[PDB]
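Protein chains: 4
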Amino acid sequence: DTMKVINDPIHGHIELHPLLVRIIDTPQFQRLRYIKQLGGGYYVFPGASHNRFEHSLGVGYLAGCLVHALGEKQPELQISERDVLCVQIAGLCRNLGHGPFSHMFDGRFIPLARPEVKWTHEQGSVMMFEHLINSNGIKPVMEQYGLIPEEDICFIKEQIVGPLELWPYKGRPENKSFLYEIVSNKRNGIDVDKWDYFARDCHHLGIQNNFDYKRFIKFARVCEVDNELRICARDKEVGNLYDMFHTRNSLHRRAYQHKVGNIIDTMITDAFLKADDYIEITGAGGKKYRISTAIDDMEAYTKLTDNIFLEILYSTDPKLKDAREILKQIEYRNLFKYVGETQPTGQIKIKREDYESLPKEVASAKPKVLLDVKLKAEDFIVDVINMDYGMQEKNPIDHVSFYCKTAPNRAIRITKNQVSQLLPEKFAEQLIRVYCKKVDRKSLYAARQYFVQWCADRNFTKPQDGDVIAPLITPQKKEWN
Amino acid sequence: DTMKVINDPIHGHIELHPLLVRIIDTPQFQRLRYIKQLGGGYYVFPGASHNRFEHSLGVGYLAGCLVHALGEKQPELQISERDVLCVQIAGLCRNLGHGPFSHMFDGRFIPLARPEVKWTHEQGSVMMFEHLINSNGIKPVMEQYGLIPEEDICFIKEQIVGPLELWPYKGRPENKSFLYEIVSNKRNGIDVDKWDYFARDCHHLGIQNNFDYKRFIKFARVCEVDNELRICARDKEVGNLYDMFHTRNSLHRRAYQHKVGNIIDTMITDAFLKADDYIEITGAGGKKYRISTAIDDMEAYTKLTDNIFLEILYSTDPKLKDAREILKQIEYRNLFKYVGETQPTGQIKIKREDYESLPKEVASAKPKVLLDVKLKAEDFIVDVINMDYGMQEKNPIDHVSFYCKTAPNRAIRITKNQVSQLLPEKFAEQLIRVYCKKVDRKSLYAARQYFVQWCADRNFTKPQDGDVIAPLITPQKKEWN
Amino acid sequence: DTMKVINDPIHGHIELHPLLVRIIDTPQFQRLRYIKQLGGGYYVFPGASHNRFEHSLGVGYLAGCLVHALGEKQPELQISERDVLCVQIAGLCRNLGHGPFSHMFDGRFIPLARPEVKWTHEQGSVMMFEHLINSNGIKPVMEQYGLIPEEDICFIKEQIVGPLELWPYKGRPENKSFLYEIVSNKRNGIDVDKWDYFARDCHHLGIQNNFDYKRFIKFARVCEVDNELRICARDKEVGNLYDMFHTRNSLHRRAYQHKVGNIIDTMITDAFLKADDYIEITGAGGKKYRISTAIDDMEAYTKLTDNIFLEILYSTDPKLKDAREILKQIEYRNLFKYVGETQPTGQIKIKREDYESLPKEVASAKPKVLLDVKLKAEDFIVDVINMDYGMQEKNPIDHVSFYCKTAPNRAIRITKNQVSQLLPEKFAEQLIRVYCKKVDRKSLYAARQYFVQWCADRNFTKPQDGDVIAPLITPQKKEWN
Amino acid sequence: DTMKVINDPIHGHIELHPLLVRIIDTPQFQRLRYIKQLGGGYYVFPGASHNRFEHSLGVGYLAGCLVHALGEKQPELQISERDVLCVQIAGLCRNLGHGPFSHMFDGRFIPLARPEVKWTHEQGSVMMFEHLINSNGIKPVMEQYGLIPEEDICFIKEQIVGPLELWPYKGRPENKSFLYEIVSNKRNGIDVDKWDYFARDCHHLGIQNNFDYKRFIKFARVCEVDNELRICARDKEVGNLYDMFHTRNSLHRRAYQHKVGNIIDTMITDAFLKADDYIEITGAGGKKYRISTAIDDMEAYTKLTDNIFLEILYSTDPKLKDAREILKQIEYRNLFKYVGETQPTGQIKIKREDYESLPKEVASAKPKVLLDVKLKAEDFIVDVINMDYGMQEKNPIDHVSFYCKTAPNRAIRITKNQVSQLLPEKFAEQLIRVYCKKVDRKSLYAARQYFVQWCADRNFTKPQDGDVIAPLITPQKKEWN
Ligand SMILES: Cc1cn([C@H]2C[C@H](O)[C@@H](COP(=O)(O)OP(=O)(O)OP(=O)(O)O)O2)c(=O)[nH]c1=O
Ligand SMILES: Cc1cn([C@H]2C[C@H](O)[C@@H](COP(=O)(O)OP(=O)(O)OP(=O)(O)O)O2)c(=O)[nH]c1=O
Ligand SMILES: Cc1cn([C@H]2C[C@H](O)[C@@H](COP(=O)(O)OP(=O)(O)OP(=O)(O)O)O2)c(=O)[nH]c1=O
Ligand SMILES: Cc1cn([C@H]2C[C@H](O)[C@@H](COP(=O)(O)OP(=O)(O)OP(=O)(O)O)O2)c(=O)[nH]c1=O
Ligand SMILES: [Mg+2]
Ligand SMILES: [Mg+2]
Ligand SMILES: [Mg+2]
Ligand SMILES: [Mg+2]
Ligand SMILES: [Mg+2]
Ligand SMILES: [Mg+2]
Ligand SMILES: [Mg+2]
Ligand SMILES: [Mg+2]
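In structure tokens, the structure reads:
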């Protein structure tokens, strides 16, 4: 019936239009309260207890802020209340498809358990939004508030996942192109979802955040680029834009890709793999499903949250023992031991289909060191991490349009050379982390010898503690000294 | 094994001595990651996702800070490393006893389920600590770090719950009395646990803290009082002390006793009660326990967390339907409707024994108005809340010792009218909230009539929205105009 | 001309309409950059470097925010862009009248150097605003942006100082009455000026602000009260409102009325007095003015800032020696020694005309102790502090109008009994601070004896350190022990 | 006399040893209250009201923190309380030499007014420190607290300015080398002064700092490096170290080198140059000094603060007209207009000796466009900014020693390719800003054409607004498109 106010630690008092409230107060949406934003990060950063729910509220809020500011500054855009509401809904709903421990689920588990399926949290969000709409009688409520469900649900879905297949969108015409750059920006990745997670993750992790999203909003316009209306930034802000991505990278460096956080996600993933044959999730009409198969019945996926972790942990079924045991090790803090980090040198990259063979390479290395123990490929974990600016090898700022103070409608491009010589010369790189599942002193020592030798053989970068953990290995490599 | 550093958003970088690390990395301690600090409050303040774990870490840290500060200011106290470690363990482990949704469990659920016991989270903490130590071989580690297991474990337990059974403490002599004022202060309620939850809860709720604990720590000495060495605050800090309690009250007013948060705690408690006979928790020996009986076996209690909620929410068994459905109504936000709030006048108390009778009273009222429906006692909930400065009717500052800059070692007293005339004249009061389980317009209107009439009959305070929700009724009471 | 954006640490990015910019970029306005918000408080709280300027910007911003909120929720109020601009201007300009060290000037210096005049910073703001307008050709700029200079200028002035003397305002009719409640609220003291100095002062002092003005703004409506459209708060907010004043009180208790900050304001005022005959400030037509007379010519007052402190301090003129030596004594931190604080009892109210008679009394007391050093009137300083809720003895909340969610257009009243019984019973009290200019040890002892015996004789409250600084005096007064 | 506690908004409650207090309570130190940290920055960022005084307290506090931490973690360094006091005094006093508006004075004014002298704020701080010691009888107070003035004063001065001209330090031997790395680090620039100004400047500017100095302090050790004991950072902090410098750079781009802030510093400088003949400052023995000569007499320098600004602003002397007017144009916000920014390409670097030749070059340019007005040299201003990581063209991280977890006493080196490929390739660049003193639309158009043409002639980078301000010029430079 009426609008609600929600007090958020990041944004303060957020006003929710009654339709938004209607969408939020569904099992499908409330489900997100039981899925941590940073998954295993919480097991390293105790302040990171926040879940996808509050993040989603923040995203909807910011989407609303940006679209409203745009409309207010430029009424000639003909942004309607319908547009605002659809953008807010998209913002609210683009996190619906996330599984247990967020990125652990779609980044590690699903690719291993369902390697044939090309699953994404975006598609999950579309399906789950469709299921929310259909299971909660949302359409009549949308019509009640002036929305046209066919068009507008199309538009929302497209905001989340892109064109459901020349102007490729069906939800809105070309003159409203800019609206697709708010919730999930496919062009350059500058969107409100990022802003909310910068602020929220920072607030909870104990890290200060360098990015001023409000400033950005106050310096954003719509201009015509390539006969298309796009969101443009004030030229002045180019530095701040570069910094934004820097921030992202920093956050991945300090927290998101923290080696222990990652190894914990890995262990939880192993536990899930070992529990997958014995865990039942009742889906549609009593039809049972698995952790790996919950993602193809939305009624089952709705009940697939962080809860799984605890179910496994609290089980008494002998068939779950192994899985249980793994989780229990996490509780005792008997984790796989981090052995080190290294990088490719020069031009060479590491292809995905090679990942599987990496622990064999390490185990096959021949360090000239005396060792009683002997490790095997299955004792090693090799985690390859692609760090980039969101557009693989490309500089996303080259895909941003700017405007000058004297011609606010004239879109211009700004090159990296026009800003600073102190900026990154590359926008993508790979970090290779090595862990060992054997945790005793001698095993960790051997693992270090194998690892550093492996780095030398592949002509990879010298590990930072190389001279310390493998003093007999490192001065074989002239390139390292 | 070495010290570990943990980054906390409240305290920053916290150092953990390896013994503390050993204690934390047990299932008994890690359990606290799965119990929300503010419970149902998370459903009103979406920022309040924080759990008892991070709060406990915070408490241990602050305990350490206080004892170290005292030690460094006054070497004559003979505060030892052992003392410091024991105080830190006491701070870390004094939240071990909380159950699912924290205070929902010891404050609502347990007194209803098993009204014949006197369960407290303190006792739970002692039992849980005992269980953690015994189940994890912590004693030999304790002596590895120069602790004496018998008397130090006694000392820790005593810091948690007070005298187990004249100087009543067996863990420490009276010349170390001040140590017992740090973790859980029975004398005046001024301890580090409060400080942590002030800062942390404020940080997550999105409301701001006003108490400066670091300042207090700065101006804290140990001075002699009534045969005892006790913690004394510098005189001019007295204002700040009153304010401290004022903050606590404020926190209860805005957040901890939020009408909706409380009614959600209520609905969840009811769901647990209706689920109690069917949820089995496997404890020691493989023996089966229930939610209400897990507190009798620490092995089962270890597995008693917020997960229950989801276990009830995700269930399929008919015997759980009535529980399950309740939780589902929380997801659809079909909550019991808040009817209103009133207070008793004079020095008129409402003892606990009368609580259960209050719903009947409201329904037995005679509103001289048309009513389309008649409500029964079982349609009403009367939640009565005691707001006080932590020592029932007493002024806790009357139990604080102070010192002046002219004589640092000399304890003194400061009376209330020696500070300000603007302070509360009382230090305890009662709030009466009334809800209606029937939600329809007509039943809610009727409920408002019944309620206001019930306020008039018992000469309770006039509901702020009295003239608006029952204009045919408030004229009868001439004291209300 | 276009609007400008200013980044403020409190409010973030605030927009300024070109008219406000034109008003700001004048010598009369920029003047405020050189006057400390907290005067001598900076010599106690090193973070409190902030000046009246930035505060003024904040006040204008918040005024704009509140009026926009009101207008966007209730279009039936017909709030024009003119109204918004005029409210913003009043917000910006209501600090123009402040003198050197802010409240030290109108609160100490002026009343002592010119006892016959009735000078307030508000009237000063009016005169300075008029001077700004006339000196800077602002009227046609106002016209350029749609303002009607005569009534709008009257309106702005009325918002600042009140009626320039049935409905007593010429600027706006009664149906825009609520507009007069935003910048300077004569009705209950709840205005945006308070909100800015709460947030800002707390930011700089290192004390934390617990009042949430954004929340208040979100919950504010305009309702009919005795045929007058007025600003009404949501019922639920009442507690927060009480707290808002409590906060004010706290900020006075901790910082604004800090004993050393006040005695420093006293020494500065004293020095300004002793310099008043000799300092020349050139005004209109080259005519020369004093410090105490600069308030008569706005051209001279424009040049009267904190700079005076440094003129005196840096001076070499023998005629200024006496003043100079005082400021230098502040630099060496040889301040008058604080003897203590006490309060009247029962019904006593130290009236202003009796203030001068206070050092005589203290110096007169016969404490009957061994007394190797006798002291006199001009050795003592007695400062009387009136702590209240901004409406003398009255409860400001009784002058606040509320609304309920069931009938948002229906204004109601709420009494203190409808809220809490932990609230204050008095809303005004007095504090008596005694210092001694004789800083040596024996003199200090003496002054303590004098002061305590004086408190006993006047039936004042027993000083907190009483039983330490006057051991042979405090056991006499039987109502003390 | 005893220890004092000071509440600072950045650090909270700082303890100051009585000796430090004696040093602080001097006109030479208190002088820093009247000098703004960011100078002209205040006129762009209204939050930047903070002064050198509070910053100095901050630096002393942090120096103390780092030395204490080092001493607590590593007893074998034999750090004495004498060392702690000397490092605190150095940190406290290393900003004593700053002049009016800080870096405007030593960076702009002095070089233009006294090109024949080498002047630095470091030399000024040493001089002012000696003056402080000699004017306030500090030596016997130093001796009173266990200091040895002859060697300790040398130690402090050495910490501030470096070797007074094989171990080149006299204050402390090589085994205390690490002590010189705290207050002002000549080796790599990582010192507590930076940490304080990061935190403080950010707090006041309304910018957010992502450098965690506390974390750095916790992971700092002293290890042997080349027969010295030096501060070593834990290996994995290397990323953070890079980020620290990145932060510095960011702070320079957003705030310290704000083009308007710089042009305001330039206008103030020009005003001082035009006032130098006439303003008099009375130093030792009544002798008179100019602003440019005050640095030759510490007694006069003690009176040289931001006050002169106001003096010039408030003067009636016709000889000061030209100075005064400029300041007046600052108040009216009639500033020199910003034409634009460019950068040298290739290897080319601009030396100071070429600066004055730059405005001549811009006016000597020939844009092939119809101009209505001819501009000359005096109409142009060229500001050259050097942006580096504190060590000219070098990577300061190549001058950081690290330590690994497994061998905490063994110092190692970490190269850039060992960390990230996304790091800067250069560590220095130049920014060239061009402004025009004539502010009419015509002269501005002309100036734009001149500037872009000049940029093209010297193969500089294409201005970001190039295609907009000069459409007839940018298509001529093939190197741009
Ligand atoms: C600062 C503050 C925040 N909040 C937060 C908690 C909620 O997220 C948000 C909304 O709470 P409420 O304002 O209490 O809204 P309500 O739904 O409980 O009451 P009603 O329907 O009658 O209007 O505000 C308070 O409730 N009280 C406060 O004093
Ligand atoms: C600011 C910051 C905090 N943190 C937090 C997260 C952790 O809670 C805490 C611990 O530091 P860690 O780097 O996580 O220590 P570690 O145990 O992973 O590595 P090691 O065993 O080699 O010492 O620091 C970072 O990890 N990185 C950062 O840059
Ligand atoms: C975060 C941030 C704030 N600010 C603040 C400082 C100012 O108070 C406010 C406005 O500064 P600018 O945005 O730089 O505006 P400008 O007037 O200098 O330039 P232009 O006229 O071309 O638009 O923004 C920045 O300038 N840059 C930043 O990166
Ligand atoms: C929060 C808070 C800070 N502060 C700050 C301001 C000061 O910078 C710092 C020290 O103030 P005080 O504690 O008041 O020290 P004092 O010198 O005035 O009193 P005394 O000599 O008798 O001990 O603490 C308070 O004074 N009071 C407060 O309640
Ligand atoms: Mg509600
Ligand atoms: Mg994305
Ligand atoms: Mg099937
Ligand atoms: Mg570790
Ligand atoms: Mg307690
Ligand atoms: Mg007022
Ligand atoms: Mg003092
Ligand atoms: Mg430096």
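Going down the list, the protein sequences come from chains A, B, C and D.
Residue numbers for the first sequence follow my numbering, so the first one is 1 and each next one is one higher.
Residue numbers for the second sequence follow my numbering, so the first one is 482 and each next one is one higher.
Residue numbers for the third sequence follow my numbering, so the first one is 963 and each next one is one higher.
Residue numbers for the fourth sequence follow my numbering, so the first one is 1444 and each next one is one higher.
Note that beta-carbon positions come from the ideal geometry of N, C-alpha and C, so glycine has one too.
Using 8 Å as the threshold, is the C-beta distance between residue i and residue j below it?
i	j	result
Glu-1872(D)	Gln-421(A)	yes
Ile-1466(D)	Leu-1575(D)	yes
residue 979(B)	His-498(B)	Examination of residue 979(B) is not possible in this model, given that chain B is present from 482 through 962 alone.
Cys-232(A)	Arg-248(A)	no
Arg-1070(C)	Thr-1228(C)	yes
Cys-574(B)	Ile-637(B)	yes
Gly-1729(D)	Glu-1742(D)	no
What is the rounded straight-line gap between the Cα of residue i and the Cα of residue j?
i	j	result
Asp-201(A)	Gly-58(A)	12 Å
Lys-368(A)	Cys-1508(D)	46 Å
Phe-101(A)	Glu-54(A)	15 Å
Going along chain D, which residues have a C-beta under 7 Å from residue i?
i	result
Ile-968(C)	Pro-1489
For a contact defined as C-beta to C-beta under 9 Å, what are the partners of residue i on chain B?
i	result
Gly-206(A)	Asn-488, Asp-489, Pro-490, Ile-491, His-492, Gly-493, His-494
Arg-324(A)	Within chain B, no residue comes near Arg-324(A); the closest Cβ sits about 12 Å away, beyond 9 Å.
Any beta carbon from chain F within less than 8 Å of residue i's own beta carbon?
i	result
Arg-503(B)	The structure shown contains no chain F; its protein chains are A, B, C and D.
Just to make sure I have the definition right: I need the residues of chain A whose C-beta is within less than 8 Å of the C-beta of residue i. Which are they?
i	result
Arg-1196(C)	What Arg-1196(C) touches in chain A: nothing, since even the nearest Cβ is about 10 Å away.
List the residues of chain B whose Cβ lies closer than 8 Å to the Cβ of residue i, in chain order.
i	result
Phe-53(A)	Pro-527
In chain A, which residues lie less than 9 Å from residue i when you measure between Cβ atoms?
i	result
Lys-1176(C)	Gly-12, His-13
So, do the segment 459-478 of chain A and the segment 335-352 of chain A have three or more beta carbon pairs nearer to each other than 8 Å? yes
Could you tell me which whole alpha helix (DSSP H) segments of length 4 or greater appear in the segment 1539-1614 of chain D? 1553-1556, 1564-1578, 1582-1587, 1592-1604
Continuous alpha helix (DSSP H) assignments of at least 4 residues falling wholly in the segment 801-867 of chain B: 802-812, 839-844
Ignoring anything shorter than 3 residues, give me the beta strand (DSSP E) runs that lie fully in the segment 492-537 of chain B, in order along the chain. 493-497
The segment 1074-1085 of chain C contacting the segment 1250-1260 of chain C, beta-carbon criterion three pairs below 8 Å: yes
Do the segment 1169-1187 of chain C and the segment 1337-1354 of chain C touch if we need at least three Cβ pairs shorter than 8 Å? no
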